[PDB]
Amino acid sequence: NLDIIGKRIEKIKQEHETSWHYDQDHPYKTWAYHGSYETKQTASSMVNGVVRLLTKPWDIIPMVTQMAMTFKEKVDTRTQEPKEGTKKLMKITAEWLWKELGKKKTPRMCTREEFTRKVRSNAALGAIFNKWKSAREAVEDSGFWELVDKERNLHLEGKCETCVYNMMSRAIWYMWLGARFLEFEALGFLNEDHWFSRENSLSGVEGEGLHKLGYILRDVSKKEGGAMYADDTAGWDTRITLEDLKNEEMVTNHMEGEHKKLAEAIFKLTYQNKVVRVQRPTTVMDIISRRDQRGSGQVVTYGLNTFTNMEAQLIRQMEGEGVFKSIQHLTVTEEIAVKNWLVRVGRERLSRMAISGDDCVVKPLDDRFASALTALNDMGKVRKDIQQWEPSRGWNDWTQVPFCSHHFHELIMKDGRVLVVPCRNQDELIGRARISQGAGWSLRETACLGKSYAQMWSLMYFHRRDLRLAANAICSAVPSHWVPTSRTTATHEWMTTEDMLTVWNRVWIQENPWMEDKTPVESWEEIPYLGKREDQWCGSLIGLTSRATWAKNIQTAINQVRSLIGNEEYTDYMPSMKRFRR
């Protein structure tokens, strides 16, 4: 309690001594409340005019148009302490999993240089505004790095002064850049050195890319076993227990010297004890604390979510196989059986999973998994939209399974080669591309964001008739040489000025380990679509009058956007499609 957080709290009080007050009408039950002070402030979604002018049929589709308009009663909840048998299963599995992840990797500190190049290339690091304007400016200024040193030496001393969360089923906890640096220094290696790559972690998909996920699910399908299970957790981040935070901290056991002390401090002082500042309109700043739940940087969060999810799912698999009888208490022979299971088949059981943070797909040994619920419920990883003790409903076809907001189709090319392609409801794809984040976008910057969406569609969703046509139209409407941009940046092979047919060949043929025949594709017409009926099932407007007028008159929409942007060098990509090829 207050010895670890007091200094952070004491320091905040003094900068707002002309406001402090212990309010007695504070809404917090599960968050420890400390005091309040005076403020007054709020970022809504803006429409991308280049994308919207080139997708006119969707102007009358509510699922698209509503996306551009616009629970914290889940953050103020508590999770019970697991039983002793559950805690033992988790500690033993966590110990074994950090060992496996560490067999071919070396933990190491990330550097001011690595951090500097990150901010100078626009990764969403979740910092705040204040003494410097942007993150770009603070990084080129030794004043900052002296503040970072003060905090750093404080951490080595086992104390914290300035590592405070700012709160804003989504809730994102910004820290000042300096705090983000010390987190990145201690734990950035997990992401930077690909600890959750498939090659290293066997369940993981970190860095795989949306063009590999479908092939990965198909490889899991090839295993002998039961249905494929894809149970979502109800508010994963709010269900992370202090016991989970302590099993995650065991990664420091693989570390040494300075690194071990810096990493232990981030875990102790910022994760297992948190200080948070929240806005309350009643507008005061509430300074609140708690020990449990997830509040890290979004990238360390991804890695620790993958870790703890892998652990939970192996334990659920153990329960389905009857490795242990009861979560109440693990016998001594049951611990030995859990350890022997992990040594004998642990790696085979990891390869039956695809896990991305809180998202998973498991192909267990058989369907006893469906009703193995006691450990999963007692760890607090309660399934979304199903009664606590109702058995999971599995999928019989890998092309039906949901994963990372997608499903995957098997698509046979005119030459017999097999593509496994990602897909989702087309209203979701068009609706997202019509949205921009932030203020002060020039027309040029708005056009270059539209071009990023268009190139993503050409690479990933080429098999959707409407998206190949709209992607070609947007690339025709934006100057040929203008570089695709994004303000928050899986692999992103569409972020290039190289010709998209050449990128398609590299991604889908040359570098695709599931394609034996490396014969390049010579034109877009060699690259197939979904069946017309499947395309309509996944949201295509093919067959509608509005869509036929749009397609036929597309050069008029292209010329409207060219006229707005002005006298520039443009390319006509529309003859890359059969129907416009004369």
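One rule holds for the numbers: they count along the sequence shown, beginning at 1. Definition used throughout: the rigid core is the maximal C-alpha set that superposes within 1.5 Å between two forms.
- In 9 other deposited structures of this protein, superposed on the rigid core, the segment with the larger root-mean-square CA displacement between 224 to 232 and 458 to 466 is 458 to 466.
- Larger average C-alpha displacement in 9 other deposited structures of this protein, relative to the shown form after a rigid core fit, is seen for 559 to 567 when comparing 5 to 13 with 559 to 567.
- Not even a third of the other compared entries skip residue 155; each one keeps it along with the residues on either side.
- Across the other compared structures of the same protein with both neighbouring residues present, residue 43 lacks coordinates in at least a third.
- Where residue 282 is followed by residue 283 in the displayed chain, the model omits 1 to 3 of the deposited residues that sit between the two.
- Where residue 168 is followed by residue 169 in the displayed chain, the model omits 10 or more of the deposited residues that sit between the two.
- On average the C-alpha atoms of 110 to 118 have higher B-factors than those of the other stretch, with 503 to 511 and 110 to 118 being the two compared.
- Stretches 323 to 331 and 95 to 103 differ in mean C-alpha B factor, with the higher average recorded for 323 to 331.
- Highest C-alpha temperature factor among 407, 464, 72, 246, as the PDB entry reports it: 72.
- Per the PDB record, 34 has a higher Cα B-factor than any other of 552, 34, 532, 56.
- Among the modelled residues of its chain, residue 164 has a C-alpha B-factor that falls in the highest third, as given in the PDB entry.
- In the PDB entry, a CA B factor belonging to the middle third of its chain's modelled residues is recorded for residue 567.
- Remark: residue 520 belongs to the middle third of its chain, ranked by C-alpha B-factor as recorded.
- Among all modelled residues in its chain, residue 144 ranks in the highest third by Cα B-factor.
- Among all modelled residues in this chain, the alpha-carbon of residue 43 has a temperature factor (C-alpha) in the highest third.
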